[PDB]
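J.: Below is a structure I'd like to ask you about.
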């Protein structure tokens, strides 16, 4: 397997899948580093976030557990094709990048919070992470270049 990936077994089906403990991504297909990447994100903040406040809500009171439930709902809508990542990042991200469909622009290593950085550089272009935890909250990250 490439670095970051491990073979796992579905608890519900018993089918093999693959999990990346860098990006928290999982996929059924067997998976077979750049100087800069470009990513978008959707952040859901919580009461333990470094700054519990955003453009959406002046005082963020949700628990980490409630923030992760929101994150998982958006992942399910995006992966089902019901909603596009851009649409949900514009509507629901607690980051001011929401105004740009979640886009952060391009960045090299050394610039972002480490968990966010490591997930971003470990994604393939077009790939979306699982829930990624930083001091700011929980992110879904889409690598766009």
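J.: For the peptides 21-29, 57-65, 126-134, what is the packing order when you average, over each peptide's residues, the other Cβ atoms within 10 Å and list the highest mean first?
T.: Working: 21-29: 15.3, 57-65: 12.3, 126-134: 18.2.
The most tightly packed comes first, giving 126-134, 21-29, 57-65.
J.: While we're looking at this one, here's another question. For the peptides 76-84, 95-103, what is the packing order when you average, over each peptide's residues, the other Cβ atoms within 10 Å and list the highest mean first?
T.: The packing order, highest mean first, is 95-103, 76-84.
J.: Where does each of 11-17, 88-94, 139-145 land if you order them by average Cβ count within 10 Å, highest first?
T.: Ranking the peptides 11-17, 88-94, 139-145 by packing returns 139-145, 88-94, 11-17.
J.: Going by Cα centres, the stretch 1-47 and the stretch 67-118 are how many Å apart?
T.: 15
J.: Moving on to the next point. Could you give the C-alpha radius of gyration of the stretch 104-145 expressed as a fraction of 2.2 N^0.38 Å, taking N as the number of residues it contains?
T.: That ratio works out to 1.05.
J.: Same structure, new question: Fully extended, how many nm does the chain gain between residue 107 and residue 53 (0.36 nm per residue separation, minus their Cα-Cα distance)?
T.: Going from the current span to full extension adds 17.0 nm.
J.: Now for a separate question. In terms of the ratio Rg/(2.2 N^0.38 Å) built on C-alpha atoms, what value belongs to the chain?
T.: After normalising by residue count via 2.2 N^0.38 Å, the value is 1.04.
J.: On full extension of the chain, what length is gained from residue 29 through residue 1, given 0.36 nm per residue of separation minus the C-alpha to C-alpha distance? Working shown, then result.
T.: Working: separation 28, 0.36 × 28 = 10.08 nm, distance 1.15 nm.
Computed gain between residue 29 and residue 1 is 8.9 nm.
J.: Taking 25 Å as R0, compute the FRET efficiency from the Cβ-Cβ separation of residue 64 and residue 11 and round it to 0.05.
T.: 0.60
A short reminder: the numbers here are calculations on the coordinates, not readings from a lab. Positions of Cβ are generated from backbone atoms using ideal geometry, with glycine treated the same way; all protein chains shown enter the neighbour counts.
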